[PDB]
């Protein structure tokens, strides 16, 4: 009987750690879906979808070329500086 | 198939069920451990009584009885020593697992925090692809289905 | 009963004995420091 | 009234007991100061609103 | 309050424990800064849209 109760005592010890192992293998499993290797079924897939929709607007509404934007910014800055120079010169 | 987005809320929601279940399972472990510790305390306490009984046996010149009392105690010594080994061994397993759960829940809440971050930007992307879509009907290339068509009419 | 005790242990983990010992030690040092100040001031 | 007359021992317990109230007093003081910011800002808004 | 009075040993543990929060603080700070770029750009678009 001393062995039986001791065996029963051990039985519970492994059951708890067993279910901890059951939890251990069943908790990071879905965290496994998130993959640093970009192999995630959904997390990586969902980001790719976001980029896909971004391209949809890129083709639908192509942005102005950087040169015209740079020239736009440059001329605007030159125009801003030209206007700024005019104000200070007039208001000097 | 069901939308993965709906699963995100459910998947973490279902994680809580196991997270609490793990919490419940862990609690059962410690209670039994303390019960074992209390049992160990009782056995050594009982073993001490034999020494106390043996302490009153050697006196008055009757050393013979003290031999039996101490010999009987050795039976508890084996139980006490044997149980002590079990108690020390189980300490390593309980200590390591407890820290993991604190880390795991921290990851879970952090994962849930990220889950919301992408959901908002996701729906922003859903809006982003669903707002200029009809503005896409208006085409500078004169390919508009209605706006260009209506002007031609 | 022990099981429910563990429920509060995980739910409301107690401060570590070192911080409690340091808390008690510093509090005792603070108490002794305050006690020394009172007697020195009130000497 | 405990330290006087040479019985400094009792004063230790009386002051040690006070430290229990000091924690409550100090803890409550932190709560009181924190709530001041929220009450002050909201009151001005209602006048504006 | 640990290093003072010559008990530098306790200060080591207190500061060592803080490093655990430093990792959380530093790690969280990186996340906070990264998310700033995404929130800022989207807000302007809605006003334009």
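Assuming 1.567 mPa s and 4 °C, estimate D for region B:63-115 with Stokes-Einstein, Rh taken as the Kirkwood radius over Cα pairs, in µm²/s.
87
Rg and Dmax of region B:5-125 over Cα atoms: what are they, in angstrom?
For region B:5-125, the Cα radius of gyration and maximum Cα-Cα distance read 27.0, 96 Å.
Work out the mean other chain Cβ neighbour count within 10 Å for the residues of B:17-30 and drop it here as an integer.
Per-residue shielding by partner chains comes out at 6.
Please compute one quarter of the surface area of the Cα convex hull for region A:17-92 and express it in square nanometres.
That works out to 11.1 nm².
Using the Cα atoms as the points, what is the convex hull volume per residue of the protein assembly as shown in Å³?
So the per-residue hull volume is 404 Å³.
Report, in cubic angstrom per residue, the convex hull volume of the C-alpha atoms of chain E.
Dividing the Cα hull volume of chain E by its residue count gives 67 Å³.
If we count other beta carbons within 10 Å of each Cβ, what is the order of A:74, B:50, fewest first?
Starting with the residue having the fewest Cβ neighbours, the order is A:74, B:50.
Let me make sure I get this right: for region B:41-81, a, b and c are the square roots of the gyration tensor eigenvalues over alpha carbons, sorted descending. Under 1.5 in a/c it's rounded, otherwise prolate if a/b > b/c, else oblate. Which is it?
Since a/c reaches 1.5 but b/c is at least a/b, the shape of region B:41-81 is classed as oblate.
Shielding of A:14-23 by partners, i.e. mean partner chain Cβ atoms within 10 Å per residue?
So the per-residue partner count for this stretch is 6.
For chain C, take every pair of Cα atoms, bin their distances at 5 Å starting from 0, and report each bin as a whole percent.
Cα pair-distance distribution for chain C, in percent: 7, 19, 12, 13, 12, 11, 8, 7, 5, 4, 2.
Order these by the 10 Å Cβ neighbour count, fewest first: E:39, D:39.
Ranking E:39, D:39 by Cβ neighbours within 10 Å, fewest first, gives D:39, E:39.
What residue among B:69, B:92, B:127 has the largest mean-square fluctuation in a Gaussian network model of chain B, using Cα springs under 10 Å?
B:127
So basically every Cβ, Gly included, is an ideal-geometry build from the backbone, and we count neighbours across all protein chains shown. FYI, it's all coordinate maths here, none of it is from the lab.
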